[PDB]
$ cat upload_19.txt   # compact mmCIF, C-alpha atoms and all ligand atoms
# COMPACT_ATOMS: atom_id res chain seq x y z
CA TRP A 1 67.54 134.32 -80.10
CA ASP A 2 64.72 133.56 -77.65
CA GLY A 3 65.05 134.35 -73.98
CA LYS A 4 62.78 134.70 -70.94
CA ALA A 5 62.56 137.44 -68.32
CA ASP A 6 63.57 135.07 -65.48
CA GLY A 7 67.00 134.73 -67.07
CA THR A 8 66.49 131.39 -68.85
CA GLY A 9 66.35 130.47 -72.54
CA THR A 10 68.75 130.40 -75.53
CA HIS A 11 70.30 133.72 -74.53
CA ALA A 12 71.11 132.64 -70.98
CA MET A 13 72.54 129.35 -72.26
CA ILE A 14 74.86 131.37 -74.45
CA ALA A 15 75.97 133.70 -71.65
CA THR A 16 76.36 130.87 -69.11
CA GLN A 17 78.34 128.68 -71.58
CA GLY A 18 80.45 131.76 -72.26
CA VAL A 19 81.91 131.82 -68.74
CA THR A 20 82.31 128.02 -68.59
CA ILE A 21 84.12 128.19 -71.95
CA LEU A 22 86.39 131.04 -70.95
CA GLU A 23 87.28 129.20 -67.75
CA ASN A 24 88.24 125.99 -69.58
CA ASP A 25 90.19 127.94 -72.21
CA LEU A 26 92.18 130.14 -69.81
CA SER A 27 95.91 129.31 -70.13
CA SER A 28 97.73 128.28 -66.91
CA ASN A 29 100.24 131.15 -67.34
CA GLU A 30 97.51 133.84 -67.35
CA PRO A 31 98.10 136.44 -64.52
CA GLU A 32 96.34 135.74 -61.22
CA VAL A 33 94.31 138.98 -61.47
CA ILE A 34 92.51 137.67 -64.57
CA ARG A 35 91.26 134.67 -62.55
CA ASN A 36 90.20 136.72 -59.55
CA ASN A 37 87.87 138.87 -61.66
CA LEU A 38 86.56 135.78 -63.48
CA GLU A 39 85.66 134.45 -60.06
CA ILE A 40 83.71 137.57 -59.10
CA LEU A 41 81.92 137.24 -62.44
CA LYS A 42 80.93 133.64 -61.51
CA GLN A 43 79.65 134.83 -58.14
CA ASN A 44 77.33 137.15 -60.09
CA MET A 45 76.08 134.55 -62.57
CA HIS A 46 72.40 135.26 -61.83
CA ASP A 47 72.79 138.88 -62.93
CA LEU A 48 74.73 137.91 -66.06
CA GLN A 49 71.82 135.62 -66.88
CA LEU A 50 69.14 138.28 -66.19
CA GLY A 51 71.03 140.80 -68.31
CA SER A 52 71.42 138.37 -71.22
CA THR A 53 67.62 138.10 -71.65
CA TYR A 54 66.37 141.48 -70.35
CA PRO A 55 66.59 143.58 -73.56
CA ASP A 56 63.72 141.55 -75.06
CA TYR A 57 61.50 142.64 -72.15
CA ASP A 58 62.61 146.24 -71.67
CA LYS A 59 59.71 148.74 -72.13
CA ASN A 60 61.75 151.09 -74.34
CA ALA A 61 61.62 153.55 -77.22
CA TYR A 62 61.93 150.72 -79.87
CA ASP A 63 58.51 149.56 -81.00
CA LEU A 64 59.83 146.92 -83.40
CA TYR A 65 63.11 145.92 -81.67
CA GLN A 66 65.13 147.61 -84.43
CA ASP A 67 68.18 147.75 -82.18
CA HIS A 68 68.27 143.90 -81.94
CA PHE A 69 69.23 143.84 -85.66
CA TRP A 70 72.40 144.69 -87.58
CA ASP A 71 73.51 144.20 -91.16
CA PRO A 72 77.31 143.60 -91.02
CA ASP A 73 77.65 144.76 -94.66
CA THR A 74 76.32 148.30 -94.11
CA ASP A 75 78.53 149.69 -91.29
CA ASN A 76 81.27 150.31 -93.89
CA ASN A 77 80.17 150.20 -97.55
CA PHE A 78 81.98 153.56 -97.76
CA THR A 79 78.83 155.58 -98.47
CA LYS A 80 79.07 158.98 -96.70
CA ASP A 81 77.11 159.63 -93.48
CA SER A 82 73.70 161.19 -94.11
CA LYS A 83 73.60 164.92 -93.42
CA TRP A 84 70.66 164.46 -91.01
CA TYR A 85 73.03 162.79 -88.47
CA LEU A 86 74.27 166.31 -87.69
CA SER A 87 70.91 167.54 -86.26
CA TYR A 88 69.22 164.33 -85.07
CA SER A 89 70.15 161.40 -82.85
CA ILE A 90 70.85 158.09 -84.64
CA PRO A 91 69.22 154.77 -83.72
CA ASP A 92 71.08 151.87 -82.18
CA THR A 93 71.91 148.56 -83.84
CA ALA A 94 72.98 145.28 -82.21
CA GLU A 95 76.57 146.33 -82.83
CA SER A 96 76.27 149.77 -81.21
CA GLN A 97 74.47 148.29 -78.20
CA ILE A 98 77.44 145.98 -77.49
CA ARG A 99 79.69 149.03 -77.23
CA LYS A 100 77.19 150.87 -75.09
CA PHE A 101 76.62 148.19 -72.47
CA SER A 102 80.32 147.27 -72.46
CA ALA A 103 81.31 150.84 -71.55
CA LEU A 104 78.60 150.83 -68.83
CA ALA A 105 79.89 147.50 -67.44
CA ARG A 106 83.57 148.57 -67.31
CA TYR A 107 82.50 151.78 -65.52
CA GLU A 108 80.46 150.01 -62.85
CA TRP A 109 83.15 147.34 -62.38
CA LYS A 110 85.79 149.97 -61.64
CA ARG A 111 83.44 151.60 -59.10
CA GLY A 112 82.98 148.22 -57.47
CA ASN A 113 79.31 147.59 -58.33
CA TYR A 114 79.73 144.00 -59.46
CA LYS A 115 76.02 143.06 -59.72
CA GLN A 116 75.07 146.03 -61.89
CA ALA A 117 78.28 145.67 -63.96
CA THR A 118 77.63 142.00 -64.60
CA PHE A 119 73.99 142.79 -65.48
CA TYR A 120 75.27 145.34 -68.02
CA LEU A 121 77.80 142.81 -69.47
CA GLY A 122 74.91 140.41 -69.82
CA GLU A 123 72.96 142.94 -71.91
CA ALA A 124 76.06 143.46 -74.06
CA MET A 125 76.19 139.69 -74.64
CA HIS A 126 72.47 139.70 -75.47
CA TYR A 127 73.14 142.08 -78.35
CA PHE A 128 76.18 140.13 -79.52
CA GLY A 129 74.01 137.02 -79.51
CA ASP A 130 71.58 138.88 -81.77
CA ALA A 131 74.34 139.98 -84.08
CA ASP A 132 75.14 136.23 -84.31
CA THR A 133 71.51 135.10 -84.98
CA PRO A 134 71.01 134.39 -88.75
CA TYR A 135 67.68 136.18 -89.22
CA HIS A 136 68.91 139.25 -87.31
CA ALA A 137 72.14 139.61 -89.28
CA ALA A 138 70.17 139.28 -92.54
CA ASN A 139 67.43 141.61 -91.41
CA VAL A 140 64.64 139.12 -92.03
CA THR A 141 61.91 140.02 -89.55
CA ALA A 142 58.81 138.15 -88.41
CA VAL A 143 56.87 140.28 -90.92
CA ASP A 144 59.02 139.21 -93.90
CA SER A 145 58.96 135.53 -93.10
CA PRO A 146 57.47 132.96 -90.72
CA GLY A 147 60.98 131.45 -90.74
CA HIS A 148 62.13 133.92 -88.09
CA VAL A 149 60.00 132.70 -85.14
CA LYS A 150 60.23 129.08 -86.33
CA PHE A 151 64.03 129.02 -86.52
CA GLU A 152 64.27 130.66 -83.12
CA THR A 153 61.77 128.28 -81.51
CA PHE A 154 63.63 125.41 -83.18
CA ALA A 155 66.95 126.61 -81.65
CA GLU A 156 65.34 127.19 -78.25
CA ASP A 157 63.95 123.62 -78.04
CA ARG A 158 67.35 122.12 -78.87
CA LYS A 159 69.54 124.51 -76.89
CA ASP A 160 70.96 121.79 -74.64
CA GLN A 161 72.42 119.91 -77.64
CA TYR A 162 74.04 123.06 -79.00
CA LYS A 163 76.12 123.79 -75.94
CA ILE A 164 79.92 123.70 -76.32
CA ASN A 165 82.57 124.04 -73.63
CA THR A 166 85.65 125.33 -75.44
CA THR A 167 86.42 127.41 -78.50
CA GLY A 168 89.00 124.81 -79.43
CA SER A 169 91.72 127.31 -78.40
CA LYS A 170 93.40 128.29 -75.15
CA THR A 171 93.99 131.94 -74.29
CA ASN A 172 97.63 131.65 -75.53
CA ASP A 173 96.33 130.90 -79.03
CA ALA A 174 95.52 133.35 -81.84
CA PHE A 175 91.73 133.56 -81.30
CA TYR A 176 92.21 135.05 -77.85
CA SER A 177 95.55 136.83 -78.17
CA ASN A 178 94.26 138.69 -81.25
CA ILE A 179 91.59 140.11 -78.88
CA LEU A 180 94.20 142.05 -76.90
CA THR A 181 96.14 143.46 -79.89
CA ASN A 182 93.91 146.51 -80.56
CA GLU A 183 93.96 148.95 -77.62
CA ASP A 184 90.75 150.63 -78.88
CA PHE A 185 87.74 148.63 -77.64
CA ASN A 186 85.12 150.10 -80.00
CA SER A 187 87.06 149.38 -83.19
CA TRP A 188 88.10 145.91 -82.03
CA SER A 189 84.49 145.10 -81.09
CA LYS A 190 82.97 146.30 -84.36
CA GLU A 191 85.23 144.10 -86.53
CA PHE A 192 85.08 141.19 -84.11
CA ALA A 193 81.23 141.21 -84.09
CA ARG A 194 81.26 141.81 -87.82
CA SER A 195 83.05 138.59 -88.80
CA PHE A 196 80.65 136.56 -86.61
CA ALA A 197 77.58 138.40 -87.92
CA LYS A 198 78.64 138.04 -91.55
CA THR A 199 78.96 134.29 -90.94
CA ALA A 200 75.49 134.28 -89.34
CA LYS A 201 74.02 136.31 -92.25
CA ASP A 202 75.53 133.84 -94.76
CA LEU A 203 73.85 130.97 -92.82
CA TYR A 204 70.47 132.62 -93.34
CA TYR A 205 71.04 132.51 -97.12
CA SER A 206 72.60 129.07 -97.16
CA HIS A 207 71.00 126.91 -94.42
CA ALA A 208 68.38 128.65 -92.26
CA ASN A 209 65.75 130.04 -94.56
CA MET A 210 62.24 128.71 -95.24
CA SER A 211 63.46 126.94 -98.39
CA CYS A 212 65.91 124.73 -96.51
CA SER A 213 65.62 121.27 -94.96
CA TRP A 214 65.43 120.24 -91.29
CA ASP A 215 69.02 119.00 -91.50
CA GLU A 216 70.13 122.39 -92.89
CA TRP A 217 68.36 124.09 -90.00
CA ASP A 218 70.16 121.74 -87.60
CA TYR A 219 73.57 122.76 -89.05
CA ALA A 220 72.67 126.48 -89.01
CA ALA A 221 71.59 126.34 -85.36
CA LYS A 222 74.66 124.36 -84.42
CA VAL A 223 77.15 126.73 -86.07
CA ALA A 224 75.37 129.94 -85.14
CA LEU A 225 75.03 128.91 -81.47
CA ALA A 226 78.60 127.57 -81.20
CA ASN A 227 79.77 130.86 -82.80
CA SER A 228 77.61 132.84 -80.37
CA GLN A 229 79.33 130.92 -77.52
CA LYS A 230 82.88 131.42 -78.86
CA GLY A 231 82.31 135.15 -79.41
CA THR A 232 80.80 135.62 -75.98
CA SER A 233 83.83 133.93 -74.44
CA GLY A 234 86.00 136.25 -76.47
CA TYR A 235 84.15 139.28 -75.04
CA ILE A 236 84.43 138.07 -71.47
CA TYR A 237 88.17 137.60 -71.98
CA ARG A 238 88.47 141.16 -73.34
CA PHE A 239 86.38 142.45 -70.46
CA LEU A 240 88.55 140.75 -67.79
CA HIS A 241 91.70 142.21 -69.31
CA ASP A 242 90.23 145.72 -69.64
CA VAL A 243 89.09 145.92 -66.04
CA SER A 244 92.35 144.33 -64.80
CA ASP A 245 95.17 145.83 -66.88
CA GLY A 246 94.70 149.50 -65.83
CA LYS A 247 95.65 151.33 -69.09
CA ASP A 248 94.08 154.81 -69.63
CA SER A 249 93.39 154.63 -73.43
CA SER A 250 94.74 158.16 -74.25
CA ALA A 251 92.76 161.44 -74.07
CA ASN A 252 94.15 162.30 -77.52
CA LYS A 253 91.61 160.11 -79.34
CA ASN A 254 89.28 161.88 -81.82
CA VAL A 255 85.66 161.95 -80.62
CA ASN A 256 83.50 161.00 -83.63
CA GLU A 257 80.36 160.66 -81.53
CA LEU A 258 78.83 160.93 -78.08
CA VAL A 259 76.31 158.55 -76.58
CA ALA A 260 73.91 159.59 -73.82
CA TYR A 261 72.13 157.02 -71.62
CA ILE A 262 69.22 158.93 -70.04
CA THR A 263 67.11 157.63 -67.14
CA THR A 264 63.80 159.40 -66.63
CA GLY A 265 62.36 159.59 -63.13
CA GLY A 266 59.68 157.13 -61.99
CA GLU A 267 57.37 159.81 -60.53
CA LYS A 268 53.91 160.02 -62.19
CA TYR A 269 54.38 162.97 -64.56
CA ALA A 270 58.17 162.64 -64.89
CA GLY A 271 57.95 161.89 -68.62
CA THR A 272 57.39 164.47 -71.35
CA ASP A 273 56.11 164.70 -74.90
CA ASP A 274 57.82 168.04 -75.64
CA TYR A 275 60.84 168.41 -77.91
CA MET A 276 64.11 167.41 -76.20
CA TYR A 277 67.60 168.39 -77.36
CA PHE A 278 71.15 167.51 -76.39
CA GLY A 279 73.89 170.03 -77.12
CA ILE A 280 77.54 170.87 -76.78
CA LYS A 281 79.88 173.85 -76.85
CA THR A 282 83.60 173.58 -77.50
CA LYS A 283 86.51 175.57 -76.01
CA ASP A 284 86.70 177.32 -79.40
CA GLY A 285 83.15 178.63 -79.02
CA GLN A 286 81.57 176.29 -81.61
CA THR A 287 78.26 174.64 -80.62
CA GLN A 288 76.22 171.69 -81.90
CA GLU A 289 72.73 170.56 -80.90
CA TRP A 290 70.68 167.48 -81.79
CA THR A 291 67.02 166.56 -81.44
CA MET A 292 66.72 163.36 -79.34
CA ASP A 293 64.32 160.90 -81.00
CA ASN A 294 64.22 157.10 -81.32
CA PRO A 295 61.60 155.04 -83.23
CA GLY A 296 59.25 154.47 -80.28
CA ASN A 297 58.04 156.77 -77.51
CA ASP A 298 60.89 158.68 -75.92
CA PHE A 299 61.19 160.03 -72.39
CA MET A 300 58.36 158.06 -70.80
CA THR A 301 58.15 157.77 -67.02
CA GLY A 302 60.82 155.47 -65.62
CA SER A 303 62.46 154.67 -68.98
CA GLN A 304 66.14 154.44 -69.86
CA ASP A 305 66.92 155.56 -73.41
CA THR A 306 70.04 155.83 -75.51
CA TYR A 307 70.92 158.63 -77.92
CA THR A 308 73.86 158.80 -80.28
CA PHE A 309 75.24 162.04 -81.61
CA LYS A 310 77.58 162.41 -84.59
CA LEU A 311 79.92 165.40 -84.23
CA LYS A 312 80.24 167.80 -87.17
CA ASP A 313 83.93 168.35 -86.31
CA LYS A 314 85.93 165.13 -86.50
CA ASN A 315 89.18 166.42 -84.95
CA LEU A 316 87.95 167.17 -81.42
CA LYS A 317 89.23 165.53 -78.23
CA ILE A 318 87.08 164.93 -75.18
CA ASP A 319 88.69 167.89 -73.39
CA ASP A 320 87.74 170.32 -76.16
CA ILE A 321 84.10 169.86 -75.22
CA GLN A 322 83.52 172.48 -72.55
CA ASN A 323 79.76 172.37 -72.02
CA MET A 324 77.04 169.81 -72.51
CA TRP A 325 73.33 170.26 -71.91
CA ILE A 326 69.82 168.99 -72.55
CA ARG A 327 67.01 171.38 -73.49
CA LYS A 328 63.25 171.19 -73.51
CA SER A 329 61.03 172.98 -76.01
CA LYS A 330 57.26 173.29 -75.76
CA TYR A 331 54.65 174.02 -78.44
CA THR A 332 51.68 174.71 -76.10
CA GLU A 333 51.34 177.53 -73.53
CA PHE A 334 52.91 175.71 -70.56
CA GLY A 335 54.08 172.49 -72.23
CA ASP A 336 54.92 169.22 -70.51
CA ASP A 337 57.22 169.18 -67.46
CA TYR A 338 60.10 166.71 -67.46
CA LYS A 339 62.02 165.15 -64.58
CA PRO A 340 65.16 163.21 -65.55
CA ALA A 341 66.78 161.10 -62.81
CA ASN A 342 70.24 160.54 -64.26
CA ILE A 343 72.30 161.07 -67.37
CA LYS A 344 75.51 159.40 -68.52
CA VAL A 345 77.61 160.48 -71.46
CA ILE A 346 79.97 157.99 -73.10
CA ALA A 347 82.85 158.83 -75.45
CA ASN A 348 85.28 156.37 -77.04
CA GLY A 349 84.39 153.50 -74.76
CA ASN A 350 84.42 155.43 -71.48
CA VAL A 351 81.65 157.04 -69.53
CA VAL A 352 83.07 160.52 -69.23
CA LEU A 353 80.12 161.79 -67.21
CA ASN A 354 77.55 160.51 -64.75
CA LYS A 355 75.12 163.07 -63.38
CA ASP A 356 72.24 162.56 -61.01
CA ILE A 357 69.54 165.18 -61.60
CA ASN A 358 66.15 164.48 -60.01
CA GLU A 359 64.96 168.06 -60.62
CA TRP A 360 62.09 169.33 -62.83
CA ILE A 361 62.67 171.05 -66.19
CA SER A 362 59.89 173.45 -67.26
CA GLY A 363 58.77 175.33 -70.33
CA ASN A 364 61.53 176.16 -72.77
CA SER A 365 64.52 175.54 -70.58
CA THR A 366 68.18 174.55 -70.84
CA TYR A 367 69.73 172.34 -68.12
CA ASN A 368 73.55 172.11 -68.11
CA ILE A 369 75.13 168.76 -67.28
CA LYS A 370 78.74 169.88 -67.85
ZN ZN B 1 67.77 137.34 -79.29
ZN ZN B 2 64.55 137.13 -83.29
ZN ZN B 3 67.14 140.49 -78.65

$ encode --input "upload_19.txt" --output "structure tokens"
Amino acid sequence: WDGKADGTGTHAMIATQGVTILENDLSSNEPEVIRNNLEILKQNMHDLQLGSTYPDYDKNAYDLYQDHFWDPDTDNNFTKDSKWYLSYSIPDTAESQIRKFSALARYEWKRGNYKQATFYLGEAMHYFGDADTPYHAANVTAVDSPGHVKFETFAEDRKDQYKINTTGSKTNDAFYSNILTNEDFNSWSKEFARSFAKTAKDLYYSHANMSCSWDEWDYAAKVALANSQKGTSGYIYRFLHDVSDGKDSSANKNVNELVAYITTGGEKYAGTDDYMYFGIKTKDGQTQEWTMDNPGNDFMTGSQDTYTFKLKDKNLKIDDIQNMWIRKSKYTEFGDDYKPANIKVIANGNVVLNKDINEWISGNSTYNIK
């Protein structure tokens, strides 16, 4: 969907309607705590709005916005994971970004940083909105068809007519109560986003493409935007319960992958063009290392990049991972010095590590973070 850096546009409409919708739909018997947190969320509406549009303006490592797309039919066609996932980081999709920003929002909320947490939740909603945009779910880019920018411009100009203020259900109903059933956020999120994205993808094929009529476009925009609103409300509801209901999710959960959110310093030569690796060592002495590399330019000055690592061993628990590190490798005589500001590691929905660094890394060097 379209959005603007000042926090206005289709994306902000969706996020804003999301809190209005959740408020109308909240059942009268819902615990007081759920309403208190909703209220703090409303106080921070401006950040939710800024977050909901920001990813389209982030100077990142994605030259063609690949992470704003997601095909809901791939992420489980039951084709085995490529062997390269074991030595190289894997790129993000709109679905993986929802999990990433959600984990960052829950973490900041618990630490009491409401503005930053709300901003993060907004970015999570931005990616859900993308997962619910017909052209994004069908992977039809601006290069494949002029229908992409046209449909989005068309939806942007009529955004006010596409607003809704209820999902048609109250929190006591199935739509919302089914959101609390699965204790595991990541798996609930993936299938929740998937049903909405599959619906959006079908709308590309049935009503939104360049071979359809203006009335078909009207129906596609209406359903896709209403769906984007309903799903956003669903996420906010899940969020409020997660940050309110204090349950520790079990440290006995298998760790299939780790995600690192790395912030490079803003000093002049903080960025580097050398090879950068992320690695781990278990209690059992086994180690695994991956090259960090996204489609665009990684580790530039002041950037914030994400890297996903698939573990070779799928029966490990977070506690089995004894050490974690990043490592720089040069090809020239002295190489390119790197100064990371902060690194966060996420596992199964929780940020298990948050380390400020602000120290230079030189030559071929290994810097331990855990
Ligand atoms: Zn968008
Ligand atoms: Zn688009
Ligand atoms: Zn986007």

$ residues_near_point --input "upload_19.txt" --point "(59.5, 174.2, -71.1)" --cutoff "6 Å" --atoms "all atoms listed in the file" --output "VMD selection string"
chain A and resid 328 to 330 335 362 to 365

$ atom_distance --input "upload_19.txt" --atom1 "CA of residue 261 (chain A)" --atom2 "CA of residue 346 (chain A)"
8.0 Å

$ closest_residue --input "upload_19.txt" --among "A:48, A:164, A:121, A:300" --to "residue 274 (chain A)" --atoms "only C-alpha atoms"
A:300

$ residues_around --input "upload_19.txt" --residues "residue 89 (chain A)" --least-positions-apart "6" --cutoff "10 Å" --atoms "only C-alpha atoms" --output "list in words"
residues 258, 259, 260, 277, 278, 289, 290, 291, 292, 293, 294, 306, 307, 308, 309 and 310 of chain A

$ closest_atom_pairs --input "upload_19.txt" --of "chain A" --to "ligand ZN 2 (chain B)" --cutoff "9 Å" --atoms "only C-alpha atoms and all ligand atoms" --output "tab-separated table"
residue	atom	partner	partner_atom	distance
A:1	CA	B:ZN2	ZN	5.2
A:2	CA	B:ZN2	ZN	6.7
A:68	CA	B:ZN2	ZN	7.8
A:69	CA	B:ZN2	ZN	8.5
A:130	CA	B:ZN2	ZN	7.4
A:133	CA	B:ZN2	ZN	7.4
A:134	CA	B:ZN2	ZN	8.9
A:135	CA	B:ZN2	ZN	6.8
A:136	CA	B:ZN2	ZN	6.3
A:140	CA	B:ZN2	ZN	9.0
A:141	CA	B:ZN2	ZN	7.4
A:142	CA	B:ZN2	ZN	7.8
A:148	CA	B:ZN2	ZN	6.3
A:149	CA	B:ZN2	ZN	6.6
A:151	CA	B:ZN2	ZN	8.7
A:152	CA	B:ZN2	ZN	6.5

$ closest_atom_pairs --input "upload_19.txt" --of "chain A" --to "ligand ZN 3 (chain B)" --cutoff "12 Å" --atoms "only C-alpha atoms and all ligand atoms" --output "Markdown table"
| residue | atom | partner | partner_atom | distance |
| --- | --- | --- | --- | --- |
| A:1 | CA | B:ZN3 | ZN | 6.4 |
| A:2 | CA | B:ZN3 | ZN | 7.4 |
| A:3 | CA | B:ZN3 | ZN | 8.0 |
| A:4 | CA | B:ZN3 | ZN | 10.6 |
| A:5 | CA | B:ZN3 | ZN | 11.7 |
| A:9 | CA | B:ZN3 | ZN | 11.8 |
| A:10 | CA | B:ZN3 | ZN | 10.7 |
| A:11 | CA | B:ZN3 | ZN | 8.5 |
| A:12 | CA | B:ZN3 | ZN | 11.7 |
| A:51 | CA | B:ZN3 | ZN | 11.1 |
| A:52 | CA | B:ZN3 | ZN | 8.8 |
| A:53 | CA | B:ZN3 | ZN | 7.4 |
| A:54 | CA | B:ZN3 | ZN | 8.4 |
| A:55 | CA | B:ZN3 | ZN | 6.0 |
| A:56 | CA | B:ZN3 | ZN | 5.1 |
| A:57 | CA | B:ZN3 | ZN | 8.9 |
| A:58 | CA | B:ZN3 | ZN | 10.1 |
| A:62 | CA | B:ZN3 | ZN | 11.5 |
| A:64 | CA | B:ZN3 | ZN | 10.8 |
| A:65 | CA | B:ZN3 | ZN | 7.4 |
| A:66 | CA | B:ZN3 | ZN | 9.4 |
| A:67 | CA | B:ZN3 | ZN | 8.1 |
| A:68 | CA | B:ZN3 | ZN | 4.9 |
| A:69 | CA | B:ZN3 | ZN | 8.0 |
| A:70 | CA | B:ZN3 | ZN | 11.2 |
| A:93 | CA | B:ZN3 | ZN | 10.7 |
| A:94 | CA | B:ZN3 | ZN | 8.4 |
| A:95 | CA | B:ZN3 | ZN | 11.9 |
| A:97 | CA | B:ZN3 | ZN | 10.7 |
| A:98 | CA | B:ZN3 | ZN | 11.7 |
| A:122 | CA | B:ZN3 | ZN | 11.8 |
| A:123 | CA | B:ZN3 | ZN | 9.2 |
| A:124 | CA | B:ZN3 | ZN | 10.5 |
| A:125 | CA | B:ZN3 | ZN | 9.9 |
| A:126 | CA | B:ZN3 | ZN | 6.3 |
| A:127 | CA | B:ZN3 | ZN | 6.2 |
| A:128 | CA | B:ZN3 | ZN | 9.1 |
| A:129 | CA | B:ZN3 | ZN | 7.7 |
| A:130 | CA | B:ZN3 | ZN | 5.7 |
| A:131 | CA | B:ZN3 | ZN | 9.0 |
| A:132 | CA | B:ZN3 | ZN | 10.7 |
| A:133 | CA | B:ZN3 | ZN | 9.4 |
| A:135 | CA | B:ZN3 | ZN | 11.4 |
| A:136 | CA | B:ZN3 | ZN | 8.9 |
| A:137 | CA | B:ZN3 | ZN | 11.8 |
| A:152 | CA | B:ZN3 | ZN | 11.2 |

$ closest_residue --input "upload_19.txt" --among "A:144, A:81, A:156, A:63" --to "ligand ZN 1 (chain B)" --atoms "all atoms listed in the file"
A:156

$ closest_residue --input "upload_19.txt" --among "A:225, A:208, A:351, A:193" --to "ligand ZN 1 (chain B)" --atoms "all atoms listed in the file"
A:225

$ closest_residue --input "upload_19.txt" --among "A:61, A:155, A:41, A:180" --to "ligand ZN 1 (chain B)" --atoms "only C-alpha atoms and all ligand atoms"
A:155

$ closest_residue --input "upload_19.txt" --among "A:173, A:179, A:217, A:13" --to "ligand ZN 1 (chain B)" --atoms "all atoms listed in the file"
A:13

$ atom_distance --input "upload_19.txt" --atom1 "CA of residue 25 (chain A)" --atom2 "CA of residue 231 (chain A)"
12.9 Å

$ residues_around --input "upload_19.txt" --residues "region 252-254 of chain A" --least-positions-apart "3" --cutoff "6 Å" --atoms "all atoms listed in the file" --output "JSON, numbers by chain"
{"A": [315, 316, 317]}

$ residues_around --input "upload_19.txt" --residues "residue 103 (chain A)" --least-positions-apart "2" --cutoff "12 Å" --atoms "all atoms listed in the file" --output "count of residues only"
38

$ atom_distance --input "upload_19.txt" --atom1 "CA of residue 334 (chain A)" --atom2 "CA of residue 355 (chain A)"
26.5 Å
